[PDB]
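What follows is a single chain, given as structure tokens, in the form deposited in one PDB entry.
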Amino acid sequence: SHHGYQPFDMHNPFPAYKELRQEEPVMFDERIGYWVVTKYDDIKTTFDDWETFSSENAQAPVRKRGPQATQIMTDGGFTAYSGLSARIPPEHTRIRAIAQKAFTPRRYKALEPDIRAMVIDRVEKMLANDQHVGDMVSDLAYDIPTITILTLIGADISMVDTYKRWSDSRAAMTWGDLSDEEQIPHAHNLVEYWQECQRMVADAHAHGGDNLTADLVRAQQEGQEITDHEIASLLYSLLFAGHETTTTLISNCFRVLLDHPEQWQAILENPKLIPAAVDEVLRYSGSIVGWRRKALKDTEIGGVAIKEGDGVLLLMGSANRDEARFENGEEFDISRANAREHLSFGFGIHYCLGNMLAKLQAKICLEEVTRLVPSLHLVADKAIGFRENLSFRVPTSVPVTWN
């Protein structure tokens, strides 16, 4: 049964990863139509070889878009595909160089005090609950990265819930195992999402502003080569990638660390261990466990022949456990010296644009929650569910209690 691999089952895929690494490290899975690759060396090499393995299918729906969803999105004027992750050179190179300028550790330093204050506010609100029960997703991880990226882009922060609906739909439409009928509500949401991206660009043309959208329009007006459609597509990209995965990371920091109370206790006694803890959470529980490529010519992965046009699914979640790179890879250890060799941000020309902003927010959340709620405790591992998806491993809640 494909060595136990269930492509959309996100609850605990690592036993199957381990059997694949040992038994069939490059496996053709006809259930999804991809070569499934699970070893670190093969995955890093494939990421590096962008001339042979293009990202152009990284935003293609796993399940073909059905007739009604297709009509909805055509009639709704949905013309988006990918701001960056599935573009290829030369367009990718040009657009990434322009987008990169806004995401530097210096441009976050002015944001850290605001993020930290917001974290403390959310923590205090949670601790006021009557039952002394909380949920690290809805009570913290849900809002913090979303407000951060909305503020950076120039969207009104009153639409957090709308953007979560739109992000849920993008994740489900593109990587979910959806029937034609199940695609319909998501198709309507994607139409709305794209129209708002277009509106924000038009608004920046008309009224300027102090935000990323207005800065990108200013770059265009000052001679830089980027179109309105490419700017709107960058919003489409950042208003999804800029919070969906970070919410998951924050959620997983508490899920995994509270599952390992000796290491929770370690960061209580020494907050300086928190950055390395976040590194090991990214290795052990990355927000994305698999990412796609397309072979541009007949080639090989791990000595297995792959035909031009074949799709490839790189399971970074498996790479990050590979014993050839990570000794005792199935164990969570915040002192792991080479945890930052993980592939949860990818590798190469498409390497995550916002990885430092994600880690910053995870650090701040862990710093303030450990300070204000040292007695935080999980209700139960068996109380955490994961939505089905090919690529994104999202815990739906993280129920917690405290003294």
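Residues that one form lacks are left out of the comparison. In this text, rigid core is short for the largest set of C-alphas that superpose within 1.5 Å between two forms. Sequential numbering from 1, following the sequence displayed.
The stretch with the higher mean CA B factor, choosing between 336-344 and 365-373, is 365-373.
Checked against the record, the higher mean CA B factor of 266-274 and 197-205 lies with 266-274. The residue among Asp114, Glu181, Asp310, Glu280 whose C-alpha carries the highest B-factor in the deposited model is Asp114. Residues shown: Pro89, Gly223, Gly76, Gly242. Highest C-alpha temperature factor in the entry: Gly223. Split the chain's modelled residues into thirds by C-alpha temperature factor. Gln71 is in the middle one. Per the deposited record, the Cα B-factor of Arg325 falls in the middle third when ranked against the other modelled residues of its chain. When all modelled residues of the chain are sorted by CA temperature factor, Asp161 is found within the middle third. For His132, the recorded CA B-factor ranks within the highest third of the chain. Only modelled residues enter the ranking. Per the PDB record, residue ranking by Cα B-factor puts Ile250 in the middle third of the chain.
This protein has a second form, the form deposited in another entry, left out of what is shown; the following refers to that one.
Just one of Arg106, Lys272, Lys307, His207 moves its Cα by 2 Å or more between the shown form and the other one on a rigid core overlay, and this residue is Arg106. Between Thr104 and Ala276, the Cα spacing is larger in the other entry than in the shown form, differing by no less than 3 Å. 102-109 is the sole run of three or more consecutive shared residues whose C-alphas all shift by 2 Å or more between the shown form and the other one after the rigid core is superposed.
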